[PDB]
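Next up is one chain by itself, shown in C-alpha cells, the form deposited in one PDB entry.
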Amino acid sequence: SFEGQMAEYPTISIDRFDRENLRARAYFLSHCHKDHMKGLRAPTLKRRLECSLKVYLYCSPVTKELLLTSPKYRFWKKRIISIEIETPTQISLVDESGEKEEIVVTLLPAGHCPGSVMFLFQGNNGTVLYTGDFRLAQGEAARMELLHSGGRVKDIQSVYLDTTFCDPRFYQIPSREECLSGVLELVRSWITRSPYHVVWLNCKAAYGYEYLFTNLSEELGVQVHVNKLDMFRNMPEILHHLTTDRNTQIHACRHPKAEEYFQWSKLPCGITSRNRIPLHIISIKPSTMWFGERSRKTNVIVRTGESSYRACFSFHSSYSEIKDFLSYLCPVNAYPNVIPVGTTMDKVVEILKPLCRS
C-alpha cells in the first residue's frame, strides 16, 4: 500500500501519517477509513504538531465533519482546513529551514464514501493525481472539467491510484444504480408482506453504505436502524434516514456475534418479535461481485439460504473502469496504491504500463 509520499512532492503526506510522514509540510486525508488514517492520532504526531505550528491537515468539508465527530481526533480541530470540491486552492508549504513552496490542489469526487476525494496537485514539479479510493463509472472522469486543459486531459506526470480490483478477472462490476435497484426491490418485496417482515443489512463497520441506507429509506418510507448516528449530527440528508430505535423494518446494526444471532432468528440489536409475533427476518450482505471480459452480467442478488442473500456492492472500480480511467489520464507514470490479494506489484504495474507514456 501507498506509504504517504509522492516522489514529485515529498514534503506532503497523504493518507499515511507515521514514519517518514512525520516530517510533512502539509497533510491530506482523502476519506475517513481506518486504512487511510494510520498514525493520524499517534502521540508522536501530536508531539510533532505542538512544535511545528504552520502544519495543517487538508480534506473535504464532509471529511472534516466526520473526522471531528470522533473525540480522539478533536486535537486536529485547530489545524484542519477543508477545501471546497472542484475549487483549485493555493497552499503554501513552509520549511520551518528557509524554503517556501507553493502548490495548487483541486479536490475531485471519488465515489467511494461520504467526503471521499481525489487530490490533483499542480506545482513547479509537474501535475500529479492521488486518487485515494475511488469508484468511477465509464465517462465520469471525462466530465471532470478540472482534469482538462483546453479540450484534452491535463499533462499528468504521475497517478497514484486505487488498484484494489486491478486484475483482469474483475473485469466488470455492476453500476452503483444496478446494485441499489437490486437491493431496493428485494427489501421492498420482503417488508411489504407485513409489519413483522424485517431486513438485516450485514455491512462492514465503515463509511460508504449511507447512499444505500438513504435510498432504501427514501423509497420505502422507513428509517434504518444503526448502532451510532452522531457522526451525521450536521448532515440532514443522511441523519433523518437513520435511527437508534430498534422498532423498524430495516436494520444495519452490528456486533461481534451478529451472524450467530441471525442464525437463531435474532437481529444484532436483540429484537426477535413484536406483539409476541416472531419477526420474519432476511439477511442481505453487500458483497463485491464481478464478471469476466467474455462473460455476461448475472443477478446482483445471490440467494445463499432460505433467509439469506448477498447483494452486489462495490467500494472500488472494476478492472475495466481502472483501465478506462488511466487510459484517459494517459500519465507518464502510474503507481498502484494497493496490491490485490492474489497478485504482485509487478503484475499490477505491468498491467498499467501500456496505458502510460513511460
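Start at 1 and count along the sequence shown; that's the residue number.
What follows is about the form solved in complex with a small molecule, which we do not show.
- Mapping the unseen interface onto this chain, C203 counts among the residues with a heavy atom inside 4.5 Å of the small molecule in the deposited complex.
- Not displayed here, the small molecule is kept clear of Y261 by more than 4.5 Å at the level of heavy atoms in the deposited complex.
- Though the partner is left out of this view, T164 does reach within 4.5 Å of the small molecule in the deposited complex, counting heavy atoms only.
- When contacts are judged by a 4.5 Å heavy atom cut-off, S287 counts as touching the small molecule in the deposited complex.
- Residues with any non-hydrogen atom within 4.5 angstroms of the small molecule in the deposited complex fall in just one of 298-306, 29-37, 326-334, 52-60: 29-37.
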